[PDB]
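One file, final04.txt, is given below (compact mmCIF, C-alpha atoms and all ligand atoms).
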```txt
# COMPACT_ATOMS: atom_id res chain seq x y z
CA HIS F 1 0.00 0.00 0.00
CA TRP F 2 1.11 3.53 -0.79
CA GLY F 3 2.91 5.75 1.66
CA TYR F 4 5.91 8.04 1.97
CA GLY F 5 8.74 5.54 2.45
CA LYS F 6 11.52 4.45 0.12
CA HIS F 7 9.56 1.53 -1.34
CA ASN F 8 6.04 2.96 -1.36
CA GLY F 9 6.51 6.72 -1.62
CA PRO F 10 5.54 9.30 -4.24
CA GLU F 11 7.94 7.95 -6.84
CA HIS F 12 6.05 4.63 -6.73
CA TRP F 13 2.47 5.93 -6.76
CA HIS F 14 2.14 5.97 -10.56
CA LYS F 15 2.11 2.17 -10.65
CA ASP F 16 -1.22 1.95 -8.82
CA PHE F 17 -2.41 5.43 -9.89
CA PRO F 18 -1.15 6.13 -13.42
CA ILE F 19 -2.67 9.61 -13.32
CA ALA F 20 0.34 10.45 -11.11
CA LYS F 21 2.05 11.36 -14.40
CA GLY F 22 -0.99 13.28 -15.63
CA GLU F 23 -1.42 16.72 -17.12
CA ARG F 24 -2.61 18.55 -13.98
CA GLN F 25 -0.90 16.99 -10.97
CA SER F 26 -0.31 18.68 -7.63
CA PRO F 27 1.50 20.05 -5.80
CA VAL F 28 3.59 22.43 -7.93
CA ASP F 29 6.27 25.01 -7.39
CA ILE F 30 4.73 28.47 -7.46
CA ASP F 31 7.16 30.66 -9.38
CA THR F 32 6.04 34.04 -8.05
CA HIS F 33 7.62 35.97 -10.89
CA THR F 34 5.81 33.87 -13.54
CA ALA F 35 2.40 33.80 -11.86
CA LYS F 36 0.26 36.43 -13.54
CA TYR F 37 -1.95 38.82 -11.64
CA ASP F 38 -5.50 38.23 -12.86
CA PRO F 39 -7.63 41.32 -12.10
CA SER F 40 -10.76 39.33 -12.97
CA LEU F 41 -10.26 37.06 -9.94
CA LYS F 42 -12.73 37.78 -7.16
CA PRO F 43 -11.86 37.96 -3.49
CA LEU F 44 -12.13 34.61 -1.84
CA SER F 45 -15.23 34.18 0.31
CA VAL F 46 -14.43 32.00 3.33
CA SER F 47 -17.68 31.52 5.27
CA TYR F 48 -16.73 29.34 8.24
CA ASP F 49 -18.95 30.89 10.95
CA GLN F 50 -21.33 27.90 11.06
CA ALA F 51 -18.70 25.16 10.78
CA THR F 52 -19.51 21.93 12.66
CA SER F 53 -16.41 19.88 13.31
CA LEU F 54 -17.08 16.24 14.08
CA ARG F 55 -14.01 14.05 14.57
CA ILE F 56 -10.23 14.09 14.44
CA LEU F 57 -8.64 11.01 12.91
CA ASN F 58 -5.22 9.49 12.17
CA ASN F 59 -5.65 7.91 8.74
CA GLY F 60 -2.11 6.57 8.39
CA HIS F 61 -1.18 9.40 5.97
CA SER F 62 -2.02 12.51 7.97
CA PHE F 63 -4.39 13.54 10.68
CA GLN F 64 -7.65 15.11 9.67
CA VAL F 65 -10.48 17.05 11.25
CA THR F 66 -13.81 16.23 9.64
CA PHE F 67 -16.82 18.50 9.40
CA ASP F 68 -20.53 18.06 8.83
CA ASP F 69 -20.91 18.67 5.09
CA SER F 70 -24.59 17.63 4.83
CA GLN F 71 -25.63 21.31 4.67
CA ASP F 72 -24.08 24.59 3.53
CA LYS F 73 -22.43 25.40 6.87
CA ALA F 74 -18.76 26.18 6.24
CA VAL F 75 -18.37 27.08 2.58
CA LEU F 76 -15.80 28.48 0.19
CA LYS F 77 -17.03 30.69 -2.65
CA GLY F 78 -15.72 33.35 -4.99
CA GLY F 79 -12.10 33.63 -5.98
CA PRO F 80 -11.71 31.48 -9.09
CA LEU F 81 -14.66 29.27 -8.12
CA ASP F 82 -18.09 28.99 -9.67
CA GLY F 83 -20.65 27.97 -7.12
CA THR F 84 -20.46 26.83 -3.54
CA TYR F 85 -17.91 24.44 -2.06
CA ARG F 86 -18.60 22.77 1.29
CA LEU F 87 -15.80 22.22 3.79
CA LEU F 88 -15.44 18.50 4.50
CA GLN F 89 -12.09 18.15 6.25
CA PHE F 90 -8.74 19.68 6.89
CA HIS F 91 -5.41 17.96 7.35
CA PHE F 92 -1.72 18.77 7.23
CA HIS F 93 1.50 17.73 5.55
CA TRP F 94 4.73 18.30 7.44
CA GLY F 95 8.40 17.49 7.61
CA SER F 96 10.95 15.83 9.81
CA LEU F 97 12.69 19.23 10.07
CA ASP F 98 11.46 22.79 9.70
CA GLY F 99 12.96 23.28 6.23
CA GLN F 100 10.65 20.78 4.57
CA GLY F 101 7.08 19.60 4.87
CA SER F 102 5.03 21.71 2.52
CA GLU F 103 3.74 20.25 -0.72
CA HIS F 104 3.53 23.45 -2.70
CA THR F 105 6.70 25.48 -2.79
CA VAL F 106 7.16 29.18 -3.45
CA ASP F 107 10.16 29.97 -5.65
CA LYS F 108 11.41 26.52 -4.59
CA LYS F 109 11.10 27.43 -0.89
CA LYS F 110 9.64 24.66 1.26
CA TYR F 111 7.68 25.54 4.36
CA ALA F 112 7.61 23.46 7.53
CA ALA F 113 4.07 22.31 6.86
CA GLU F 114 1.00 22.89 4.76
CA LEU F 115 -2.63 22.94 5.84
CA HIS F 116 -5.24 21.77 3.34
CA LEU F 117 -8.89 22.70 3.84
CA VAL F 118 -10.75 20.39 1.46
CA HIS F 119 -14.07 21.53 0.00
CA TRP F 120 -16.36 19.99 -2.60
CA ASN F 121 -18.67 21.54 -5.17
CA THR F 122 -22.28 21.18 -4.05
CA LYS F 123 -23.49 20.95 -7.65
CA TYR F 124 -22.18 17.36 -7.58
CA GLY F 125 -24.13 16.37 -4.48
CA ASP F 126 -21.47 14.33 -2.70
CA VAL F 127 -17.70 14.35 -2.48
CA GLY F 128 -17.33 10.99 -4.22
CA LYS F 129 -19.07 12.34 -7.30
CA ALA F 130 -17.13 15.60 -7.04
CA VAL F 131 -13.80 13.75 -7.18
CA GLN F 132 -14.81 12.56 -10.65
CA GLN F 133 -15.14 16.12 -11.97
CA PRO F 134 -12.46 18.58 -13.10
CA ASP F 135 -14.00 21.28 -10.89
CA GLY F 136 -15.23 19.00 -8.13
CA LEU F 137 -13.00 20.09 -5.26
CA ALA F 138 -11.42 23.30 -4.02
CA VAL F 139 -8.52 22.90 -1.62
CA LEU F 140 -7.42 25.95 0.31
CA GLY F 141 -3.70 25.55 1.03
CA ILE F 142 -2.02 27.48 3.82
CA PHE F 143 1.70 27.37 4.53
CA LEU F 144 3.03 26.97 8.05
CA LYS F 145 6.33 28.45 9.13
CA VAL F 146 7.90 27.93 12.53
CA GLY F 147 8.05 30.92 14.84
CA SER F 148 5.33 32.19 17.15
CA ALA F 149 2.55 29.84 18.19
CA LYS F 150 -0.81 29.83 16.43
CA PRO F 151 -3.30 29.88 19.32
CA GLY F 152 -6.09 28.57 17.07
CA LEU F 153 -4.08 25.40 16.41
CA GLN F 154 -3.47 24.46 20.03
CA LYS F 155 -6.77 22.61 20.47
CA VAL F 156 -5.72 20.38 17.57
CA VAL F 157 -2.19 19.84 18.85
CA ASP F 158 -3.40 18.94 22.34
CA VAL F 159 -5.53 16.01 21.16
CA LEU F 160 -2.92 14.38 18.91
CA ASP F 161 -1.75 12.23 21.85
CA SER F 162 -5.11 10.45 21.61
CA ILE F 163 -4.78 9.57 17.91
CA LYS F 164 -1.12 8.55 17.76
CA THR F 165 -1.51 5.58 15.43
CA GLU F 166 -3.34 4.81 12.22
CA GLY F 167 -7.03 4.14 12.73
CA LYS F 168 -7.48 6.11 15.94
CA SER F 169 -10.10 8.86 16.08
CA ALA F 170 -11.63 11.13 18.68
CA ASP F 171 -14.55 13.46 19.13
CA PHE F 172 -13.48 16.89 17.98
CA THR F 173 -16.53 19.15 18.13
CA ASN F 174 -16.73 22.94 18.26
CA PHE F 175 -13.40 23.51 16.53
CA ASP F 176 -13.37 26.82 14.67
CA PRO F 177 -11.14 26.62 11.57
CA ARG F 178 -11.18 30.41 11.30
CA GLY F 179 -8.43 30.32 13.92
CA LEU F 180 -6.09 28.75 11.35
CA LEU F 181 -6.33 31.48 8.72
CA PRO F 182 -3.75 34.19 8.11
CA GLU F 183 -4.71 37.85 7.87
CA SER F 184 -4.56 38.09 4.09
CA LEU F 185 -6.61 36.05 1.66
CA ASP F 186 -4.27 36.92 -1.23
CA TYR F 187 -3.81 33.70 -3.17
CA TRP F 188 -2.44 31.85 -6.15
CA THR F 189 -4.72 29.51 -8.04
CA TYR F 190 -4.26 26.79 -10.64
CA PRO F 191 -6.04 23.59 -11.74
CA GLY F 192 -4.55 20.51 -10.13
CA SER F 193 -5.10 17.25 -8.34
CA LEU F 194 -5.34 15.51 -5.03
CA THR F 195 -1.83 15.15 -3.67
CA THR F 196 -2.49 11.69 -2.23
CA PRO F 197 -3.89 8.68 -4.06
CA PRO F 198 -6.03 8.46 -6.04
CA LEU F 199 -4.39 11.71 -7.27
CA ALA F 200 -7.63 12.61 -9.05
CA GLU F 201 -7.45 15.70 -11.26
CA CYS F 202 -10.43 17.34 -9.65
CA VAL F 203 -9.00 20.22 -7.61
CA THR F 204 -9.02 23.97 -8.04
CA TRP F 205 -6.05 24.85 -5.85
CA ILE F 206 -6.19 28.08 -3.90
CA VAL F 207 -2.88 28.64 -2.12
CA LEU F 208 -2.63 31.58 0.25
CA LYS F 209 0.44 33.78 -0.07
CA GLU F 210 0.63 34.57 3.65
CA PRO F 211 1.81 31.71 5.87
CA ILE F 212 0.66 31.20 9.38
CA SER F 213 3.28 30.87 12.07
CA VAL F 214 3.19 27.91 14.44
CA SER F 215 5.56 27.22 17.27
CA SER F 216 8.29 24.61 17.36
CA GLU F 217 6.34 22.87 20.14
CA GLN F 218 3.22 22.73 17.97
CA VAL F 219 4.98 21.20 14.98
CA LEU F 220 6.93 18.82 17.24
CA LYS F 221 3.59 17.36 18.31
CA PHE F 222 2.74 16.68 14.65
CA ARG F 223 5.99 14.73 14.41
CA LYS F 224 5.06 12.43 17.29
CA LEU F 225 2.22 10.85 15.31
CA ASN F 226 2.79 7.44 13.75
CA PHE F 227 2.23 6.17 10.23
CA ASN F 228 1.86 2.67 11.69
CA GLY F 229 -1.04 1.18 13.56
CA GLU F 230 -0.76 0.33 17.23
CA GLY F 231 1.39 -2.72 17.90
CA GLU F 232 3.35 -2.30 14.64
CA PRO F 233 6.95 -1.05 14.40
CA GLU F 234 6.90 2.65 15.19
CA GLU F 235 7.48 4.87 12.16
CA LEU F 236 7.08 8.54 12.90
CA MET F 237 4.52 10.30 10.71
CA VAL F 238 6.92 12.85 9.22
CA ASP F 239 7.63 13.90 5.65
CA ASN F 240 4.11 13.04 4.51
CA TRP F 241 4.39 15.44 1.58
CA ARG F 242 4.40 14.83 -2.16
CA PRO F 243 7.07 16.89 -3.96
CA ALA F 244 6.30 19.44 -6.63
CA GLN F 245 5.12 17.98 -9.94
CA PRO F 246 5.60 19.28 -13.49
CA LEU F 247 3.52 22.35 -14.23
CA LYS F 248 2.99 21.19 -17.85
CA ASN F 249 0.34 23.22 -19.71
CA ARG F 250 -0.82 25.32 -16.77
CA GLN F 251 -0.68 28.94 -15.68
CA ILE F 252 -0.70 29.92 -12.03
CA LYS F 253 -2.79 33.04 -11.50
CA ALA F 254 -2.34 35.51 -8.64
CA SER F 255 -5.18 37.41 -6.98
CA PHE F 256 -2.80 40.23 -6.02
CA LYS F 257 -0.20 42.46 -7.62
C1 LIG B 301 -12.59 13.54 0.91
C2 LIG B 301 -11.48 12.86 0.11
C3 LIG B 301 -11.90 12.70 -1.35
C4 LIG B 301 -11.15 11.47 0.67
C5 LIG B 301 -10.27 13.75 0.11
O1 LIG B 301 -10.25 14.82 0.60
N1 LIG B 301 -9.10 13.22 -0.47
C6 LIG B 301 -7.97 14.05 -0.56
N2 LIG B 301 -6.92 13.42 -1.19
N3 LIG B 301 -5.76 14.42 -1.31
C7 LIG B 301 -6.25 15.59 -0.73
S1 LIG B 301 -5.11 16.94 -0.73
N4 LIG B 301 -3.74 16.46 0.07
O2 LIG B 301 -4.82 17.28 -2.12
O3 LIG B 301 -5.85 17.98 -0.01
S2 LIG B 301 -7.72 15.56 -0.15
ZN ZN B 302 -3.28 17.51 1.61
```

Here is the file; what I need is its structure written in the form of structure tokens.
Ligand SMILES: CC(C)(C)C(=O)Nc1nnc(S(N)(=O)=O)s1
Ligand SMILES: [Zn+2]
Amino acid sequence: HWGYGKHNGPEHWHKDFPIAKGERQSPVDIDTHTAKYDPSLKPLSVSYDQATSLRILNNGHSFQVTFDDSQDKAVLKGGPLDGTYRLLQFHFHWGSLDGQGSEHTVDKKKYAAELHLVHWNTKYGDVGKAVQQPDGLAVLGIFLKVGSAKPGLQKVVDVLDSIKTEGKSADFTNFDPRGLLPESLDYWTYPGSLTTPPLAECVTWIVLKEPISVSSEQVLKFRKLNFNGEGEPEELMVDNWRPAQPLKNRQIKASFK
């Protein structure tokens, strides 16, 4: 089964998921000088006030916080998007050290981690149908750098002890994802894919220019999670990032000058 190790990592994924070598794979390097300001791009609309978080889960890849997506509660609109995209889950990718961990890069710079808020287009009715569409998902990507703590992340960090190994989950209600957002909603956008199998080419990527800062203690708690299930040889869940993929016939657009 796929993972991030030497024998099952990103360089192997194409064997089970041939779209890994596709025309719109993610992540990519964002070359800030080549991204073109698009004045026709709207401001992003992030409407998270009514978000209902449900559970936090170690899925063997990452940890994720899942939301109730059975109603338009926490939605992403505007920007490059047509229609309404419901927040389903967020998760992170991170490194073994602070100089790596992000999936997208900015002028080849890697951040310590990257937060993905995954939303699906309500015109397709459910996320499984949305994954089969070129505009089915919108993932809001936010870079994490190490410095000051992000207070809004601490509730997440403090429960990771209870989901150390693959398969473990916990109640995680009343979590407000607005506490994870940076000040600016300036973004880059391009058409891409899921960055984990099945690597489906269904994502409008919206990557915020402004990172959030998290503390060393916060990211260290990410690095104590395990890829393995309980009772299996302990393999720290670190470096769960796919590297940048070829941009191919794509333009990255910027919402800002
Ligand atoms: C809900 C569902 C389809 C299982 C999902 O979200 N899958 C993702 N696979 N890769 C993602 S990423 N790292 O691009 O945000 S999300
Ligand atoms: Zn992700």

Please build the interface table for chain F against ligand ZN 302 (chain B) with a cut-off of 12 Å, listing for each qualifying residue the nearest atom pair and the distance in Å to one decimal; count all atoms listed in the file, order rows by chain and increasing number, and write it as CSV.
```
residue,atom,partner,partner_atom,distance
F:26,CA,B:ZN302,ZN,9.8
F:27,CA,B:ZN302,ZN,9.2
F:61,CA,B:ZN302,ZN,9.4
F:62,CA,B:ZN302,ZN,8.2
F:63,CA,B:ZN302,ZN,10.0
F:64,CA,B:ZN302,ZN,9.5
F:89,CA,B:ZN302,ZN,10.0
F:90,CA,B:ZN302,ZN,7.9
F:91,CA,B:ZN302,ZN,6.1
F:92,CA,B:ZN302,ZN,6.0
F:93,CA,B:ZN302,ZN,6.2
F:94,CA,B:ZN302,ZN,9.9
F:101,CA,B:ZN302,ZN,11.1
F:102,CA,B:ZN302,ZN,9.4
F:103,CA,B:ZN302,ZN,7.9
F:104,CA,B:ZN302,ZN,10.0
F:113,CA,B:ZN302,ZN,10.2
F:114,CA,B:ZN302,ZN,7.6
F:115,CA,B:ZN302,ZN,6.9
F:116,CA,B:ZN302,ZN,5.0
F:117,CA,B:ZN302,ZN,8.0
F:118,CA,B:ZN302,ZN,8.0
F:119,CA,B:ZN302,ZN,11.6
F:138,CA,B:ZN302,ZN,11.5
F:139,CA,B:ZN302,ZN,8.2
F:140,CA,B:ZN302,ZN,9.5
F:141,CA,B:ZN302,ZN,8.1
F:142,CA,B:ZN302,ZN,10.3
F:143,CA,B:ZN302,ZN,11.4
F:193,CA,B:ZN302,ZN,10.1
F:194,CA,B:ZN302,ZN,7.2
F:195,CA,B:ZN302,ZN,6.0
F:196,CA,B:ZN302,ZN,7.0
F:197,CA,B:ZN302,ZN,10.5
F:199,CA,B:ZN302,ZN,10.7
F:203,CA,B:ZN302,ZN,11.2
F:205,CA,B:ZN302,ZN,10.8
F:207,CA,B:ZN302,ZN,11.7
F:240,CA,B:ZN302,ZN,9.1
F:241,CA,B:ZN302,ZN,7.9
F:242,CA,B:ZN302,ZN,9.0
F:243,CA,B:ZN302,ZN,11.8
```

Requested write-out: C-alpha atoms of the selected residues, as a compact mmCIF listing (two decimals), keeping the file's coordinate frame:
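Once everything was written out, this is out_18.txt:
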```txt
# COMPACT_ATOMS: atom_id res chain seq x y z
CA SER F 26 -0.31 18.68 -7.63
CA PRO F 27 1.50 20.05 -5.80
CA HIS F 61 -1.18 9.40 5.97
CA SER F 62 -2.02 12.51 7.97
CA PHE F 63 -4.39 13.54 10.68
CA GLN F 64 -7.65 15.11 9.67
CA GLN F 89 -12.09 18.15 6.25
CA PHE F 90 -8.74 19.68 6.89
CA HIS F 91 -5.41 17.96 7.35
CA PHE F 92 -1.72 18.77 7.23
CA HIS F 93 1.50 17.73 5.55
CA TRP F 94 4.73 18.30 7.44
CA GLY F 101 7.08 19.60 4.87
CA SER F 102 5.03 21.71 2.52
CA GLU F 103 3.74 20.25 -0.72
CA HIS F 104 3.53 23.45 -2.70
CA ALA F 113 4.07 22.31 6.86
CA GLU F 114 1.00 22.89 4.76
CA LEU F 115 -2.63 22.94 5.84
CA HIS F 116 -5.24 21.77 3.34
CA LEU F 117 -8.89 22.70 3.84
CA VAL F 118 -10.75 20.39 1.46
CA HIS F 119 -14.07 21.53 0.00
CA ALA F 138 -11.42 23.30 -4.02
CA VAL F 139 -8.52 22.90 -1.62
CA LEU F 140 -7.42 25.95 0.31
CA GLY F 141 -3.70 25.55 1.03
CA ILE F 142 -2.02 27.48 3.82
CA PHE F 143 1.70 27.37 4.53
CA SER F 193 -5.10 17.25 -8.34
CA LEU F 194 -5.34 15.51 -5.03
CA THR F 195 -1.83 15.15 -3.67
CA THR F 196 -2.49 11.69 -2.23
CA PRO F 197 -3.89 8.68 -4.06
CA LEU F 199 -4.39 11.71 -7.27
CA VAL F 203 -9.00 20.22 -7.61
CA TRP F 205 -6.05 24.85 -5.85
CA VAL F 207 -2.88 28.64 -2.12
CA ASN F 240 4.11 13.04 4.51
CA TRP F 241 4.39 15.44 1.58
CA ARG F 242 4.40 14.83 -2.16
CA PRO F 243 7.07 16.89 -3.96
```

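From atom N4 of ligand LIG 301 (chain B) back to CA of residue 108 in chain F, the distance works out to 18.8 Å.
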
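Taking CA of residue 74 in chain F and CA of residue 47 in chain F as the two end points, the separation is 5.5 Å.
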
### Task
Please provide the set of residues having any atom within 12 Å of range 15-24 of chain F, restricted to all atoms listed in the file, with same-chain residues fewer than 6 positions apart removed, written as a PyMOL selection string.
chain F and resi 1-3+7-9+134+190-205+242-252

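Relative to CA of residue 157 in chain F, CA of residue 45 in chain F is found at 26.8 Å.
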
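With distances taken over all atoms listed in the file, F:239 is the one residue among F:239, F:79, F:253, F:233 lying closest to residue 6 in chain F.
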
### Query
Counting only C-alpha atoms and all ligand atoms, which of F:32, F:66, F:40, F:174 gets nearest to ligand LIG 301 (chain B)?
F:66

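Distance check against residue 68 in chain F using all atoms listed in the file: of F:225, F:220, F:51, F:80, the minimum falls on F:51.
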
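Those residues that approach residue 38 in chain F to within 8 Å, counting all atoms listed in the file, are residues 253, 254, 255 and 256 of chain F; same-chain residues fewer than 5 positions away are not listed.
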
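The closest residue to ligand LIG 301 (chain B), picked from F:110, F:129, F:12, F:36 and counting all atoms listed in the file, is F:129.
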
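The closest residue to ligand LIG 301 (chain B), picked from F:166, F:206, F:73, F:82 and counting all atoms listed in the file, is F:206.
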
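Proximity of F:180, F:237, F:185, F:137 to ligand LIG 301 (chain B), computed with all atoms listed in the file, is greatest for F:137.
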
### Query
Near residue 229 in chain F, counting all atoms listed in the file, which residues have an atom at most 10 Å away, once you skip same-chain residues fewer than 2 positions from it, shown as a list in words?
residues 58, 59, 60, 164, 165, 166, 167, 168, 226, 227, 231, 232, 233, 234 and 235 of chain F

### Query
At most 6 Å from (-14.8, 29.8, -0.6), file frame, only C-alpha atoms: which residues, as a PyMOL selection string?
chain F and resi 44-46+75-78

Export C-alpha atoms of the chosen residues as an mmCIF file, keeping the file's coordinate frame?
```
data_model
loop_
_atom_site.group_PDB
_atom_site.id
_atom_site.type_symbol
_atom_site.label_atom_id
_atom_site.label_comp_id
_atom_site.auth_asym_id
_atom_site.auth_seq_id
_atom_site.Cartn_x
_atom_site.Cartn_y
_atom_site.Cartn_z
ATOM 1 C CA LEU F 44 -12.130 34.610 -1.840
ATOM 2 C CA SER F 45 -15.230 34.180 0.310
ATOM 3 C CA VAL F 46 -14.430 32.000 3.330
ATOM 4 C CA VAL F 75 -18.370 27.080 2.580
ATOM 5 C CA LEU F 76 -15.800 28.480 0.190
ATOM 6 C CA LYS F 77 -17.030 30.690 -2.650
ATOM 7 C CA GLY F 78 -15.720 33.350 -4.990
#
```
